[PDB]
């Protein structure tokens, strides 16, 4: 078998076979040397001693509110801290990207083929004696068993950070522009060839789809007006293909950028909000530029909405998730004097960590009604009956489920959660602890250490036998959460670098793009730099209801 099966090379050292039973580690620029890149250079040894743990940093960022209240209001200090936040997390992602599901070594095919999700860790070789390499049993434990014992919801566990349904549905809507698995090809392939925040979920992945969605007047997107309210246009009207069961009435077959968004009225709520936002921005730009044609109006609005999206994701969405007292800032200028690659490739493991199905409640509570999953799925009449104002008011008040902590996946989506495990194994994912080391985390030494608890830990111990073969995905959902937090350490420390790269890597954040003229002048630039989840709703939802990402 492949001599690199045991993952012998440490500290980002790269393993290469040198014969049938021999390997070599390439310790280039790791700061380590020796056979397995485990002997530190002198300068490295000092860095390890001085470097605080992620849990220490988290404590600092989530306490001392009085000090942070000062920091947040001194623009120079806020910028400095944010510059550190950005740069401390940038160096962890290979960019240009490296591995994929089919390539455990660098290749032009893995680099150039945009149809693959990239990989933070190479896959376990095909001929390895065990699934995780050389450790553990010949087979991993039954996935249905892992699911049932440590993942499935017994009783609803609310998120102690107060994440609501506005947050949960924003998470789903936003990420589904860049997690678009091409199931025809396999779980390691994507349909989102832009590999990031291009807003294809609004505009369509292809030019063909985009042009079917466009009005070709005033830069705008096509729409319909039902009971005086603006909604996306129909499949019939546009000839835009969507996923709908046959029994859905023509009028409720809404056509949007992303073909799966009719699945859930919560997704269609945001699809509608963003459609309205695009047309609103077209109006503003038309007022600024009566001389502009439809094409420039459309394209400039798209760039503005991309900017709005990144602004909101950083300052509201990630801000909420983090639990930080420090106020995160979207400011591309923070990177202009730094080394940073303005490019991104979506990582398979980023997809996997983002399977936050515990967020989902047992019922979807809108106005006085409580809808089951079966009543909610593919049911856009709910959206029409209640309207966007009530959707916002209800979803703002309804708490979401805790993701870490174990036993909180609703049974309605048990098959989805089982698929995350099954596809991970199919894609030959390395273990949790290999991923922990990859992102500069200390490997867990027991199951009890992972869960911070005894019962699930014992179940997992009997299932997996060795902590070193525990799998990434289920570990994320059973991990001991940070104090009163939605996530444990592994989720934050893997998710943050992937996220940073997707957000700041966007070409609009690059110096040649980050200019008023790119966005139609100061007015368009202003729309980006003042965007918030609240203003998004305020501008595009009747009555400007209050909203936020927490129930509070």
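Positions refer to the first chain, counted from 1. Each form is matched to the other, and the largest set of C-alpha atoms that superpose within 1.5 Å is called the rigid core.
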- [ ] State which stretch is farther from the displayed form on average in 6 other deposited structures of this protein, 113-121 or 82-90, counting RMS CA distance after fitting on the rigid core.
- [x] 82-90
TODO: Pick between 361-369 and 399-407: the one whose mean CA B-factor in the entry is higher.
DONE: 361-369
Task: 422-430 versus 387-395 - greater average Cα B-factor per the deposited record - done: 387-395
Open item on the list: According to the Cα B-factor stored in this entry, which of the following is highest: 34, 502, 516, 511?
Closed with: 34
Open item on the list: Comparing recorded Cα B-factors across 69, 506, 490, 30, which one is largest?
Closed with: 69
TODO: Give the position of residue 12 by CA B-factor within its chain, expressed as the lowest, middle or highest third.
DONE: middle
- [ ] Pull the Cα B-factor of residue 295 out of the PDB entry and bin it into the chain's lowest, middle or highest third.
- [x] lowest
Task: Where the record places residue 78 (Cα B-factor, split into thirds across the chain) - done: highest
Task: residue 336 CA temperature factor, ranked by third within the chain - done: middle
- [ ] Could you tell me which third, lowest, middle or highest, the C-alpha B-factor of residue 237 occupies within its chain?
- [x] middle
